Every structure is written in C-alpha cells, then in structure tokens.
Amino acid sequence: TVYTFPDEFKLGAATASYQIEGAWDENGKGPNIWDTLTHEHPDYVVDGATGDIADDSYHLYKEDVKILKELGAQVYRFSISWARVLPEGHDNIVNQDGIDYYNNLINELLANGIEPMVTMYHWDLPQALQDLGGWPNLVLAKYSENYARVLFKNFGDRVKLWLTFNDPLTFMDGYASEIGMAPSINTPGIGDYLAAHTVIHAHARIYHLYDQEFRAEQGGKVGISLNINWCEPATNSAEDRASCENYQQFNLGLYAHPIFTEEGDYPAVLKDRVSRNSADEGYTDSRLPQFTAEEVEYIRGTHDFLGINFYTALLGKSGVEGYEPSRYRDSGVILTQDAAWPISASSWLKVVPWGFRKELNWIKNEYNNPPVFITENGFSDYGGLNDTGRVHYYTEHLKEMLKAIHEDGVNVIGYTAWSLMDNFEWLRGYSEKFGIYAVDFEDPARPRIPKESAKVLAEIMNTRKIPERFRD
Ligand SMILES: O=S(=O)(O)CCCN1CCN(CCO[C@@H]2O[C@H](CO)[C@@H](O)[C@H](O)[C@H]2O)CC1
Ligand SMILES: [Cl-]
Ligand code: NA
C-alpha cells in the first residue's frame, strides 16, 4: 500500500518556457529579461550560453508531446512566455503567433490524452516591464492581472490547472545581486522584498480575476508554486530548532503565510526581525513593505492548491550571518550542508530524500493540510544516459512522498518531475543536466532520447507503484 499511488494522483513532467523554447525573437515575440541577460552579460552564464535556441520547443513541441506520451505522463507542466503573447508586456498588443503556438501545444497534449498544467510566470519578464523597475514596482500587479486575463480567455476552456507564479523566492533574488538571476540588480534586503510584495499582490489579483471572470464557466483550479528546502536542526537544541523555523518562515512563509493561512499577512517573525534590524541600522522605515488590513483580507485564501518545488535540504543552526542588509541576514539562521549527503552536479543540491517527507509534514501542519501538487523535483548530473544517480533520486523521493501520503496523511495530489528534458539551466547554461530525456545541443535537430530515469519513471507511471527492486 505505501508503495502504490492513489488512484486519482497525477504523474507527469515539467518544463519552463525560456529553458526550452528558443525562437527568442521569432514571429513577433518581444524581448524578456533573460534575452537581455544572456545577450548583454554572457559573463554571468556558464559558457556564455543563451536560450536563443535551447531545446527548440517552439518548433519541436510535437516531439515534446511524443516523449510525454512515451513516458506515460498524465500531466505536462509548462510555462507561457509573457513576451511571446504580449510582446510589449502591456495588453495593448496580443501576438497571434504566440496564441497559436500555445493553442497548438495544448491541443496536441489533449489529443494524446495528456492534461496541460500552465505556469503563467516562470521568470521571463518582458523587458519593457523591467524598464519600469520590474517586480519592485507595484504597478506590475495590474499588468500581471491583464496578462492572466489574456491567458484565461484564450486557453482556459482547455486548461484547468494554473500556477500564477513559479518560485518567487528565487526570482526575487534577481533584485539582490548585480551578477545573478535576471534582471541582476543589486538591491538585497530592499528590492527583493519589494518584488515579493508585488508578486503576492499580483497572485491575489489573478486569483480574484479567475473567480470573477472565468471560474463559473471554466471550472479549473489556480495555485502558486513555491520552492522550499528542508532545514534540519544542526543539533537537537531548542535554539537550533528556532533557527530552522526562522528558515521556513523566511523562505516558504514569506509567500505562503499571506495566502494559505486564515490570518494572512507575512509571518510575525519576518515582520519583527526586519523591523528590528531596520531600526538598528538607522532606517526611518522598515525595509519590509506592509499590507493594509484590507489587503491582508484580499490576499488570504487566494488558492485552490499549493504547488511545491522540492530539491534538497540544509542544516540550520542558531545565529546570524550574511551581509547587511539581506534576506539571509534578516532570517537569523546559519545554513550549511552535511558533507555526508550525496552530491549532484549542482553545488546547492544534495540528495536528502527524508527532507522531502519532513517538509511535507511541516506544510501539512502550518497550512492545515492544503492539497499539494509537487510541481518540481529532480536531480542534476553533467551528462550520460545511464543516470543511476537520477534514478535513485527519483525512487527515493517518490518513496518518501508516498510515506507522507499514506503514513502521515499529507494531501499530495500530483507530481511532475523536473525536467522532461535537459534544458537551459539559467546561469549554469547547458552545463548542468536535469532532464529525464537527454538533448544533443550540438545537433540542430535537438533530438530527445530517453535516459534510464525516463524508463524507470515510465515503469512507475505505467504500474502506478514503486517497483520491488527499489523498495527498502
Ligand atoms: O549555486 S548557488 O548557490 O550559487 C545559486 C543557487 C540558486 N538556486 C538554484 C536552485 N533553485 C532551485 C529552484 O528553482 C528551480 O530550479 C531548477 C533547477 O535548478 C530550475 O531549472 C527550475 O527552473 C526552477 O524552477 C533556486 C536557486
Ligand atoms: Cl525485480
Ligand atoms: Na486576446
């Protein structure tokens, strides 16, 4: 029983637009912040790589559907490129080519019995909107609503699973470093918090828009995808446990407390620590933006499920480190990783499968057991089809998730592997491979070929259980 997926549980795979599509300036698509970063700042990216072509999924979407069908995916999570649909960011111009492209992909998926799950925003902001300041500028919340309206109107008759945003914990960090994630702006502890504030507002507007303009007719569900690492106390002390709770609230709670709790607002520890630190450093005003009571009420409850992106764990101990000002310093935890944990091809990613079960329980307890859809989980290597590390990563994480479901009563409703195929891994270029399908980036045809992990995942999806040879 503990090895069997619930009957209604949805299994599949995931991608994101900039990471796979290419066709960066084709047929009316406007420029986004990742076009800008990779073109203007190739020194920020391994190999000076760009997403100009990537997997060429703009042209090769039928091949993506073919491999999803081979895999036996029930659901395909993909993102829509804002600047492909609205090249100017604002909704004055709708690019029919972009509408046609996503309709073509959606229709191809449905014709092959695969359900689309659409992420509206997976990091590729139109440059025209970044030029207003991007996410720190609250005007983007209305722009986001208008973008979502176009998506719901055009695609919502066939798409019943939506994520407003993918992992704003990461993309807010594009406003906390001059050399990091797009748009690579150095306003740590200030602009990243403003970005988070706008995103939360935007998410809430999009959810209310769905309620007001689309839900009665379309009958779908709207969530948000949040990335969170498990944070394990470095020792069993109360003080180290406090530091790990700080971590959860500063990383997951920053977004999830306003939306998924009955109280709403930011977590108290976030408000209080930032207020204190801001005062001690001489600011008249806290660096953390505030919600009014009306805004708190508007934002809380804006969810039909919680998307979780889970990859790894950290150790946390009591203390403070990091630069002043910064979110890490404000969070009041000292983070490390255990040397004993198995490694990947990504410095940040260690294999800690039991951390997944711990995190699912933390979420259950904090947010009253919301329906949780695992929108990303996966593992990097540098190449190869006999990807034993990836196979082990998936079988262990899926076992831990199944224990969370069956033993712990966590309402997990679906799981999409990150990623369907090797793709453009942001600042790591094509150097780190997360796919279950390999892609030859030196071959203009970009063939997708199954790794051992794709074969094992297909077996899991077909049998709806963890095969005996992978059980404890
Ligand atoms: O090495 S450093 O410590 O100097 C920088 C680390 C930056 N992290 C990397 C991991 N990412 C996880 C969630 O982000 C996910 O990560 C996947 C794999 O990376 C991406 O492909 C997906 O687009 C994304 O949603 C959050 C940001
Ligand atoms: Cl066997
Ligand atoms: Na339209």
# chains A, B, ... in the order shown; residues from 1 in each chain; ligands from 1
$ select_by_dssp --residues "region 265-452 of chain A" --states "helix (DSSP H, G or I)" --output "number ranges by chain"
A: 268-280, 293-299, 327-331, 353-367, 388-406, 426-428, 452
$ residues_near_ligand --ligand "ligand 1" --cutoff "7 Å" --atoms "only C-alpha atoms and all ligand atoms" --output "PyMOL selection string"
chain A and resi 16+166-167+170+227+309+311+346-348+425-426+434
$ write_last_selection --atoms "N, CA and C atoms" --output "PDB file, in the first residue's frame"
ATOM      1  N   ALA A  16       9.928  24.839 -18.457  1.00  0.00           N
ATOM      2  CA  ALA A  16       9.677  26.286 -18.427  1.00  0.00           C
ATOM      3  C   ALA A  16      10.075  26.877 -19.768  1.00  0.00           C
ATOM      4  N   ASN A 166       5.924  30.788 -10.647  1.00  0.00           N
ATOM      5  CA  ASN A 166       6.886  29.793 -10.229  1.00  0.00           C
ATOM      6  C   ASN A 166       7.990  30.411  -9.375  1.00  0.00           C
ATOM      7  N   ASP A 167       8.115  29.937  -8.135  1.00  0.00           N
ATOM      8  CA  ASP A 167       9.256  30.190  -7.271  1.00  0.00           C
ATOM      9  C   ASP A 167       9.721  31.652  -7.233  1.00  0.00           C
ATOM     10  N   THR A 170      13.125  32.380  -5.470  1.00  0.00           N
ATOM     11  CA  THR A 170      14.310  32.506  -6.307  1.00  0.00           C
ATOM     12  C   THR A 170      14.272  33.770  -7.148  1.00  0.00           C
ATOM     13  N   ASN A 227       9.144  27.158  -3.986  1.00  0.00           N
ATOM     14  CA  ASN A 227      10.307  26.339  -3.699  1.00  0.00           C
ATOM     15  C   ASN A 227      10.677  26.441  -2.224  1.00  0.00           C
ATOM     16  N   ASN A 309       7.919  23.068  -5.154  1.00  0.00           N
ATOM     17  CA  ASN A 309       9.143  22.649  -5.818  1.00  0.00           C
ATOM     18  C   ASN A 309      10.112  22.239  -4.727  1.00  0.00           C
ATOM     19  N   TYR A 311      13.765  20.126  -3.826  1.00  0.00           N
ATOM     20  CA  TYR A 311      15.012  19.564  -4.339  1.00  0.00           C
ATOM     21  C   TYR A 311      15.957  19.030  -3.271  1.00  0.00           C
ATOM     22  N   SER A 346      25.173  20.133  -9.110  1.00  0.00           N
ATOM     23  CA  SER A 346      24.808  21.489  -8.699  1.00  0.00           C
ATOM     24  C   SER A 346      25.258  21.681  -7.264  1.00  0.00           C
ATOM     25  N   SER A 347      26.056  22.716  -7.019  1.00  0.00           N
ATOM     26  CA  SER A 347      26.643  22.960  -5.707  1.00  0.00           C
ATOM     27  C   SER A 347      25.607  23.016  -4.583  1.00  0.00           C
ATOM     28  N   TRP A 348      24.430  23.527  -4.909  1.00  0.00           N
ATOM     29  CA  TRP A 348      23.373  23.756  -3.938  1.00  0.00           C
ATOM     30  C   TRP A 348      22.519  22.514  -3.649  1.00  0.00           C
ATOM     31  N   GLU A 425      19.757  25.727 -18.137  1.00  0.00           N
ATOM     32  CA  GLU A 425      19.705  25.794 -16.678  1.00  0.00           C
ATOM     33  C   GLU A 425      20.193  27.155 -16.171  1.00  0.00           C
ATOM     34  N   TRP A 426      19.513  28.201 -16.641  1.00  0.00           N
ATOM     35  CA  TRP A 426      19.736  29.553 -16.142  1.00  0.00           C
ATOM     36  C   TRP A 426      21.225  29.921 -16.171  1.00  0.00           C
ATOM     37  N   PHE A 434      19.314  18.327 -16.007  1.00  0.00           N
ATOM     38  CA  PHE A 434      18.224  17.916 -15.118  1.00  0.00           C
ATOM     39  C   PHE A 434      17.208  17.024 -15.832  1.00  0.00           C
TER      40      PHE A 434
END
$ residues_near_ligand --ligand "ligand 3" --cutoff "12 Å" --atoms "only C-alpha atoms and all ligand atoms" --output "PyMOL selection string"
chain A and resi 85-86+91-100+146-156
$ write_last_selection --atoms "N, CA and C atoms" --output "JSON list (two decimals), in the first residue's frame"
[["chain", "number", "residue", "atom", "x", "y", "z"],
["A", 85, "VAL", "N", 3.40, 36.29, -25.92],
["A", 85, "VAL", "CA", 1.97, 36.58, -26.01],
["A", 85, "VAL", "C", 1.70, 38.09, -26.07],
["A", 86, "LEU", "N", 2.34, 38.85, -25.17],
["A", 86, "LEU", "CA", 2.20, 40.30, -25.10],
["A", 86, "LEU", "C", 3.60, 40.89, -25.30],
["A", 91, "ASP", "N", -1.06, 44.92, -22.26],
["A", 91, "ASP", "CA", -2.00, 44.14, -23.06],
["A", 91, "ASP", "C", -2.55, 44.83, -24.30],
["A", 92, "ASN", "N", -1.89, 45.89, -24.76],
["A", 92, "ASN", "CA", -2.35, 46.57, -25.96],
["A", 92, "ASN", "C", -2.16, 45.75, -27.23],
["A", 93, "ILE", "N", -1.11, 44.94, -27.28],
["A", 93, "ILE", "CA", -0.84, 44.10, -28.45],
["A", 93, "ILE", "C", -0.78, 42.64, -28.04],
["A", 94, "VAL", "N", -1.63, 41.83, -28.66],
["A", 94, "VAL", "CA", -1.60, 40.39, -28.45],
["A", 94, "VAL", "C", -1.00, 39.77, -29.71],
["A", 95, "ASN", "N", 0.06, 38.99, -29.54],
["A", 95, "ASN", "CA", 0.76, 38.37, -30.64],
["A", 95, "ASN", "C", 0.05, 37.08, -31.00],
["A", 96, "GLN", "N", -0.67, 37.08, -32.11],
["A", 96, "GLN", "CA", -1.43, 35.91, -32.55],
["A", 96, "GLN", "C", -0.55, 34.68, -32.72],
["A", 97, "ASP", "N", 0.69, 34.89, -33.15],
["A", 97, "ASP", "CA", 1.61, 33.76, -33.29],
["A", 97, "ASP", "C", 1.79, 33.03, -31.96],
["A", 98, "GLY", "N", 1.93, 33.79, -30.88],
["A", 98, "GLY", "CA", 2.04, 33.21, -29.54],
["A", 98, "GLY", "C", 0.77, 32.51, -29.08],
["A", 99, "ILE", "N", -0.38, 33.11, -29.34],
["A", 99, "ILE", "CA", -1.65, 32.46, -29.07],
["A", 99, "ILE", "C", -1.72, 31.12, -29.80],
["A", 100, "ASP", "N", -1.40, 31.14, -31.09],
["A", 100, "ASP", "CA", -1.46, 29.94, -31.91],
["A", 100, "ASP", "C", -0.51, 28.86, -31.40],
["A", 146, "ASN", "N", -3.73, 41.68, -16.16],
["A", 146, "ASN", "CA", -4.11, 41.81, -17.56],
["A", 146, "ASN", "C", -3.53, 40.70, -18.42],
["A", 147, "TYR", "N", -2.30, 40.29, -18.12],
["A", 147, "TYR", "CA", -1.68, 39.17, -18.79],
["A", 147, "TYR", "C", -2.48, 37.88, -18.53],
["A", 148, "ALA", "N", -2.81, 37.63, -17.25],
["A", 148, "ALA", "CA", -3.60, 36.47, -16.89],
["A", 148, "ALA", "C", -4.95, 36.46, -17.61],
["A", 149, "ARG", "N", -5.61, 37.61, -17.72],
["A", 149, "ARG", "CA", -6.88, 37.65, -18.44],
["A", 149, "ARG", "C", -6.75, 37.14, -19.86],
["A", 150, "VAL", "N", -5.68, 37.55, -20.55],
["A", 150, "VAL", "CA", -5.44, 37.05, -21.90],
["A", 150, "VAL", "C", -5.29, 35.52, -21.90],
["A", 151, "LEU", "N", -4.55, 35.00, -20.92],
["A", 151, "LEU", "CA", -4.35, 33.55, -20.82],
["A", 151, "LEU", "C", -5.65, 32.80, -20.54],
["A", 152, "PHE", "N", -6.41, 33.28, -19.56],
["A", 152, "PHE", "CA", -7.68, 32.62, -19.24],
["A", 152, "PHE", "C", -8.63, 32.65, -20.43],
["A", 153, "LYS", "N", -8.74, 33.81, -21.09],
["A", 153, "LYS", "CA", -9.66, 33.97, -22.21],
["A", 153, "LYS", "C", -9.31, 33.04, -23.35],
["A", 154, "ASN", "N", -8.02, 32.93, -23.66],
["A", 154, "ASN", "CA", -7.60, 32.18, -24.82],
["A", 154, "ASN", "C", -7.46, 30.67, -24.60],
["A", 155, "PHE", "N", -7.07, 30.30, -23.38],
["A", 155, "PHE", "CA", -6.67, 28.92, -23.11],
["A", 155, "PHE", "C", -7.49, 28.20, -22.05],
["A", 156, "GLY", "N", -8.27, 28.95, -21.27],
["A", 156, "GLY", "CA", -8.92, 28.41, -20.08],
["A", 156, "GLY", "C", -10.08, 27.48, -20.35]]
$ closest_atom_pairs --of "chain A" --to "ligand 2" --cutoff "8 Å" --atoms "only C-alpha atoms and all ligand atoms" --output "CSV"
residue,atom,partner,partner_atom_place_in_ligand_line,distance
A:467,CA,ligand 2,1 (Cl),7.1
A:468,CA,ligand 2,1 (Cl),5.7
A:469,CA,ligand 2,1 (Cl),4.9
$ residues_around --residues "residue 251 (chain A)" --least-positions-apart "2" --cutoff "9 Å" --atoms "only C-alpha atoms" --output "list in words"
residues 169, 226, 227, 228, 229, 246, 247, 248, 249, 253, 254, 255 and 331 of chain A
$ closest_residue --among "A:39, A:317, A:471, A:464" --to "residue 392 (chain A)" --atoms "only C-alpha atoms"
A:471
$ residues_around --residues "residue 8 (chain A)" --least-positions-apart "2" --cutoff "10 Å" --atoms "only C-alpha atoms" --output "CSV table (one decimal) with C-alpha atoms, in the first residue's frame"
chain,number,residue,atom,x,y,z
A,5,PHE,CA,-0.1,5.8,-5.9
A,6,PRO,CA,-3.6,6.9,-5.0
A,10,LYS,CA,-1.5,12.8,-11.3
A,11,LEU,CA,2.0,11.9,-12.5
A,413,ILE,CA,-2.4,15.3,-5.3
A,414,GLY,CA,0.2,15.2,-8.1
$ residues_around --residues "residue 173 (chain A)" --least-positions-apart "5" --cutoff "10 Å" --atoms "only C-alpha atoms" --output "list in words"
residues 168, 180, 181, 182, 183, 184, 185, 186, 187, 188, 189, 191, 192, 193, 195, 196 and 327 of chain A
$ write_last_selection --atoms "C-alpha atoms" --output "PDB file, in the first residue's frame"
ATOM      1  CA  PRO A 168       9.310  33.908  -6.446  1.00  0.00           C
ATOM      2  CA  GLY A 180      22.841  36.826 -10.508  1.00  0.00           C
ATOM      3  CA  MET A 181      19.420  35.881 -11.812  1.00  0.00           C
ATOM      4  CA  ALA A 182      17.805  38.311 -14.240  1.00  0.00           C
ATOM      5  CA  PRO A 183      17.484  41.254 -14.044  1.00  0.00           C
ATOM      6  CA  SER A 184      20.711  41.146 -11.999  1.00  0.00           C
ATOM      7  CA  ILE A 185      20.082  44.178  -9.813  1.00  0.00           C
ATOM      8  CA  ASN A 186      21.910  44.698  -6.554  1.00  0.00           C
ATOM      9  CA  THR A 187      19.226  45.772  -4.031  1.00  0.00           C
ATOM     10  CA  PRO A 188      19.499  42.992  -1.398  1.00  0.00           C
ATOM     11  CA  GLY A 189      17.264  43.340   1.627  1.00  0.00           C
ATOM     12  CA  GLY A 191      14.313  45.457  -3.705  1.00  0.00           C
ATOM     13  CA  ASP A 192      13.868  41.730  -3.283  1.00  0.00           C
ATOM     14  CA  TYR A 193      11.287  42.359  -0.547  1.00  0.00           C
ATOM     15  CA  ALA A 195       9.489  42.269  -5.571  1.00  0.00           C
ATOM     16  CA  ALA A 196       7.923  39.693  -3.234  1.00  0.00           C
ATOM     17  CA  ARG A 327      17.114  38.404   3.481  1.00  0.00           C
TER      18      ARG A 327
END
$ closest_residue --among "A:235, A:244, A:301, A:441" --to "residue 265 (chain A)" --atoms "only C-alpha atoms"
A:301
$ select_by_dssp --residues "region 269-391 of chain A" --states "strand (DSSP E)" --output "list in words"
residues 306, 307, 308, 309, 313, 314, 315, 316, 317, 334, 335, 336, 372, 373, 374, 375 and 376 of chain A
$ write_last_selection --atoms "N, CA and C atoms" --output "mmCIF file, in the first residue's frame"
data_model
loop_
_atom_site.group_PDB
_atom_site.id
_atom_site.type_symbol
_atom_site.label_atom_id
_atom_site.label_comp_id
_atom_site.auth_asym_id
_atom_site.auth_seq_id
_atom_site.Cartn_x
_atom_site.Cartn_y
_atom_site.Cartn_z
ATOM 1 N N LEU A 306 -1.663 24.218 -3.372
ATOM 2 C CA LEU A 306 -0.297 24.689 -3.201
ATOM 3 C C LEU A 306 0.642 23.876 -4.087
ATOM 4 N N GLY A 307 1.372 24.545 -4.976
ATOM 5 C CA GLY A 307 2.438 23.892 -5.725
ATOM 6 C C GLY A 307 3.725 23.960 -4.931
ATOM 7 N N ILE A 308 4.442 22.836 -4.871
ATOM 8 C CA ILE A 308 5.728 22.795 -4.191
ATOM 9 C C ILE A 308 6.818 22.326 -5.135
ATOM 10 N N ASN A 309 7.919 23.068 -5.154
ATOM 11 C CA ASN A 309 9.143 22.649 -5.818
ATOM 12 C C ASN A 309 10.112 22.239 -4.727
ATOM 13 N N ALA A 313 17.922 19.760 1.048
ATOM 14 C CA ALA A 313 17.879 20.171 2.436
ATOM 15 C C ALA A 313 19.147 20.924 2.798
ATOM 16 N N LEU A 314 19.050 21.684 3.887
ATOM 17 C CA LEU A 314 20.160 22.364 4.528
ATOM 18 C C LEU A 314 20.155 21.996 6.002
ATOM 19 N N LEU A 315 21.285 22.223 6.668
ATOM 20 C CA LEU A 315 21.360 22.234 8.120
ATOM 21 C C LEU A 315 21.260 23.670 8.594
ATOM 22 N N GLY A 316 20.494 23.897 9.658
ATOM 23 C CA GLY A 316 20.388 25.220 10.244
ATOM 24 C C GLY A 316 20.807 25.231 11.692
ATOM 25 N N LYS A 317 21.543 26.270 12.071
ATOM 26 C CA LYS A 317 21.882 26.473 13.472
ATOM 27 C C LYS A 317 21.629 27.917 13.876
ATOM 28 N N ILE A 334 22.069 30.141 10.491
ATOM 29 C CA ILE A 334 23.325 29.876 9.807
ATOM 30 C C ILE A 334 23.152 28.542 9.099
ATOM 31 N N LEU A 335 23.297 28.575 7.781
ATOM 32 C CA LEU A 335 22.993 27.436 6.917
ATOM 33 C C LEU A 335 24.239 26.746 6.390
ATOM 34 N N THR A 336 24.225 25.421 6.438
ATOM 35 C CA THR A 336 25.314 24.624 5.893
ATOM 36 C C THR A 336 24.701 23.377 5.250
ATOM 37 N N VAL A 372 -1.579 19.571 -2.101
ATOM 38 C CA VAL A 372 -0.237 19.909 -2.537
ATOM 39 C C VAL A 372 0.056 19.183 -3.841
ATOM 40 N N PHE A 373 0.486 19.937 -4.846
ATOM 41 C CA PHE A 373 0.918 19.360 -6.112
ATOM 42 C C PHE A 373 2.417 19.598 -6.196
ATOM 43 N N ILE A 374 3.201 18.527 -6.297
ATOM 44 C CA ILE A 374 4.651 18.678 -6.420
ATOM 45 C C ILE A 374 4.926 19.073 -7.856
ATOM 46 N N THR A 375 5.237 20.346 -8.047
ATOM 47 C CA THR A 375 5.403 20.846 -9.403
ATOM 48 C C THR A 375 6.825 20.708 -9.938
ATOM 49 N N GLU A 376 7.802 20.490 -9.052
ATOM 50 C CA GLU A 376 9.175 20.175 -9.450
ATOM 51 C C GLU A 376 9.837 19.315 -8.401
#
$ closest_residue --among "A:104, A:453, A:164, A:369" --to "residue 145 (chain A)" --atoms "only C-alpha atoms"
A:164
$ closest_residue --among "A:439, A:268, A:345, A:302" --to "residue 424 (chain A)" --atoms "only C-alpha atoms"
A:439
$ atom_distance --atom1 "CA of residue 26 (chain A)" --atom2 "CA of residue 224 (chain A)"
29.1 Å
$ decode --residues "region 125-137 of chain A" --atoms "N, CA, C and O atoms" --output "tab-separated table (two decimals), in the first residue's frame"
chain	number	residue	atom	x	y	z
A	125	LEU	N	10.22	37.87	-17.47
A	125	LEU	CA	9.51	39.15	-17.54
A	125	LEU	C	9.85	39.90	-18.84
A	125	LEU	O	11.00	40.01	-19.22
A	126	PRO	N	8.84	40.45	-19.53
A	126	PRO	CA	9.14	41.33	-20.66
A	126	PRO	C	10.07	42.46	-20.27
A	126	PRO	O	9.88	43.11	-19.22
A	127	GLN	N	11.06	42.75	-21.10
A	127	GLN	CA	12.00	43.83	-20.81
A	127	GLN	C	11.28	45.18	-20.65
A	127	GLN	O	11.72	46.01	-19.86
A	128	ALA	N	10.21	45.41	-21.41
A	128	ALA	CA	9.50	46.68	-21.31
A	128	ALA	C	8.95	46.92	-19.91
A	128	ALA	O	8.80	48.06	-19.50
A	129	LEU	N	8.65	45.85	-19.18
A	129	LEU	CA	8.16	45.96	-17.81
A	129	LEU	C	9.31	46.06	-16.81
A	129	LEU	O	9.23	46.80	-15.81
A	130	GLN	N	10.42	45.38	-17.09
A	130	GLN	CA	11.61	45.58	-16.28
A	130	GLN	C	12.09	47.03	-16.36
A	130	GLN	O	12.64	47.55	-15.39
A	131	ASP	N	11.88	47.66	-17.50
A	131	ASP	CA	12.31	49.04	-17.65
A	131	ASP	C	11.58	50.03	-16.77
A	131	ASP	O	12.08	51.13	-16.53
A	132	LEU	N	10.42	49.64	-16.24
A	132	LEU	CA	9.70	50.42	-15.22
A	132	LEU	C	10.20	50.13	-13.81
A	132	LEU	O	9.68	50.69	-12.83
A	133	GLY	N	11.14	49.20	-13.69
A	133	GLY	CA	11.65	48.73	-12.42
A	133	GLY	C	11.39	47.25	-12.20
A	133	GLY	O	12.00	46.66	-11.30
A	134	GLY	N	10.51	46.66	-12.99
A	134	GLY	CA	10.21	45.24	-12.78
A	134	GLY	C	9.49	45.00	-11.46
A	134	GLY	O	8.71	45.84	-11.00
A	135	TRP	N	9.71	43.82	-10.90
A	135	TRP	CA	8.91	43.38	-9.77
A	135	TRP	C	8.86	44.31	-8.56
A	135	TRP	O	7.80	44.37	-7.94
A	136	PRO	N	9.93	45.05	-8.21
A	136	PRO	CA	9.80	46.01	-7.11
A	136	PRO	C	8.76	47.10	-7.33
A	136	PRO	O	8.39	47.77	-6.35
A	137	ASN	N	8.32	47.30	-8.57
A	137	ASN	CA	7.32	48.32	-8.88
A	137	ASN	C	5.93	47.70	-8.87
A	137	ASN	O	5.59	46.89	-9.74
